[PDB]
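Every chain is named by a letter (A, B, C, D, E and F) in the order it is written, and numbering of its residues begins at 1.
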Amino acid sequence: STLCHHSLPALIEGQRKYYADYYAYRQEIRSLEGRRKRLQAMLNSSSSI
Amino acid sequence: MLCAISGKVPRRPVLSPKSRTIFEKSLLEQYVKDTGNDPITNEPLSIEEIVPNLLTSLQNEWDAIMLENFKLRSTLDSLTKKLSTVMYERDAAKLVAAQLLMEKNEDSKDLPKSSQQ
Amino acid sequence: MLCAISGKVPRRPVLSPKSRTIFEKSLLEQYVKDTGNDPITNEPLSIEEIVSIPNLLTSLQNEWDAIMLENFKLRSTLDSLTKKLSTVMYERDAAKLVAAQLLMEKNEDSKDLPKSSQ
Amino acid sequence: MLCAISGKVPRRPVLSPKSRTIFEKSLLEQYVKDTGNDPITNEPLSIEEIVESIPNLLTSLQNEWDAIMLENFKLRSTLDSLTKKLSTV
Amino acid sequence: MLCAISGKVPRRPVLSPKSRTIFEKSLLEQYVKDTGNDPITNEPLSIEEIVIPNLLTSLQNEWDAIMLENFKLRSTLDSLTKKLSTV
Amino acid sequence: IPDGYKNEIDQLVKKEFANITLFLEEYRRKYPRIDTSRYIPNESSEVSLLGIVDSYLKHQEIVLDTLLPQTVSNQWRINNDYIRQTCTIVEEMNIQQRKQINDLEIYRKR
């Protein structure tokens, strides 16, 4: 019983699920190029002035 | 309830002790007298060689109970998993606003203090 | 050690050769007859492919109580997720519109500073 | 149609070659494991020798076990009585 | 609980999909590297190839045992009955 | 701010939201079906004989034959060992998930 409850909270109810959060962070890798690319073009116009 | 030679309903179901398959006494006897062999397996055979549900129902209904619990659990985890990716990404996207808000606020004070002078 | 269907401790465990997972024979034999495919991976799989007093009254009563109130409460859990899986997606799309509205706001404020110099 | 041990309809019947008699695989194996013999003829036989509403349903199974327990009891006290309905003779 | 090859408690159990039996990964891996086969059945196997109910079954044991109890009384009745017909 | 900016942004998100089997399920209402409460009580003076023999003797004989000890604790401790093999396997997966979870966060950090 104790072991079962612990496993349920610990393996099924948490660590496997956190992987989804990691995937969400992973979309992240793609928002950064978009973040920088906007900043890079915004910098280019500032240089002209 | 069928013989394995002619395909009739056996009135006198005899079986061969080489390959377990219920024949009828007349047909198997005619096959032996033709050639001493079993008709299905072609093994040696002679004439002398020839010779609770309530619990089962309780199993059958349980078999469905397990099948139902599986499909119910799959959608549980698979759907709730989309809940986790949303909640993480939502508060993540929420931080975009907090950063965007303060920057938009900085532009206004900067431009208004400059446009003033 | 457990079955990958019912959540049992199998009496006659059998493993499928397409997807290495141990199922109790009666439960896997049922699934093949229903639809001939592995339940987990959805890959083609066949049957050949596999490799008195308290007991009547108190214990049996509790087993059908535990099954009844569990699946009913489990059906209640599934409804709540569908109830507001919707509150998640709506609040998400609501945030998307804020970001899109702020994205036009910020760069435009930042571009007005660049124009101010002139 | 009927296994000559329990009285059930066999779900995996097996026949003994020493004596022509279709048993059930589970019951015949138990008898051989006790003593290597056939239950009818007492001939030397081995294992290799063999050739292969709902809430009311709860109370029904309760009554059926309740009935079989008495049906087994009544059949043994009668056996014992005949022993002295024979020993007295 | 045990590894069929060595007879130890395997610390990394991997079940084969040709002959269903629990082998220790480190042991079976060497067996495959020797020759691509399963040790028991000698069937071909590669490294990639390696990877309420209890209460109801109890009631079968109850009835299955009681059915034999009836035979002990049915068979003895057939002998005591004929130790009576001839008497 | 784990107390200001989240509360601020939540209000802005809030404002954009201001803009936009039969037997089993019935038993769930909270009542288990009654079983045979007969065998235990009975009565010597009272009614029915079968209850005495069609309820108590044969079951007691089956009980005394069932109630056992021949194997004793050996059969119990053998199953206790199996439970320990089952438990350790779960915690090994807890580790494997723990490593890969921290490993993904590690890549994000850079």
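Convention: a contact is a pair of C-beta atoms (placed from the backbone, for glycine too) under 8 Å apart; a residue touches a chain by one contact, two chains touch by 3 or more.
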Chains in simultaneous contact with chain B and chain F: A, C, D, E
By count of C-beta pairs in contact, the leading pair of chains: B-C
Whole-Å gap between the CA centroids of chain A and chain D: 67
Whole-Å separation of chain centres (CA-atom averages), chain B against chain D: 35
Cα-centroid distance, chain A relative to chain C, in whole angstrom: 23
Inter-chain centre distance, chain C versus chain F - centres from mean C-alpha coordinates, in Å: 19
Touching two or more other chains - residue numbers and ranges from chain C: 6, 8, 26, 52, 56-57, 60-61, 64, 67, 71, 75, 91, 95, 98, 110
Junction residues of chain A - those touching two or more other chains: 25, 28
Two or more partner chains touched - positions in chain F: 12-13, 23-24, 27, 33, 35-36, 39, 59, 62, 82, 85
In contact (per the touch rule at the top): chain pairs: A-B, A-C, A-F, B-C, B-D, B-E, B-F, C-D, C-E, C-F, D-E, D-F, E-F
In the complex, chain C residues that touch chain F: 1-2, 52-53, 56-58, 60-62, 64-65, 67-69, 71-73, 75, 90-91, 93-95, 97-98
Interfacial residue positions of chain C with respect to chain A in the complex: 107, 110-111, 114, 117-118
In the complex with chain D, residue positions of chain C that touch it: 52, 56-57, 60-61, 64
Chain B-touching residues of chain A, taken from the complex the two chains share: 12, 17, 20-21, 23-25, 27-28
Complex contact set, residues of chain A against chain C: 38, 42, 45-46, 49
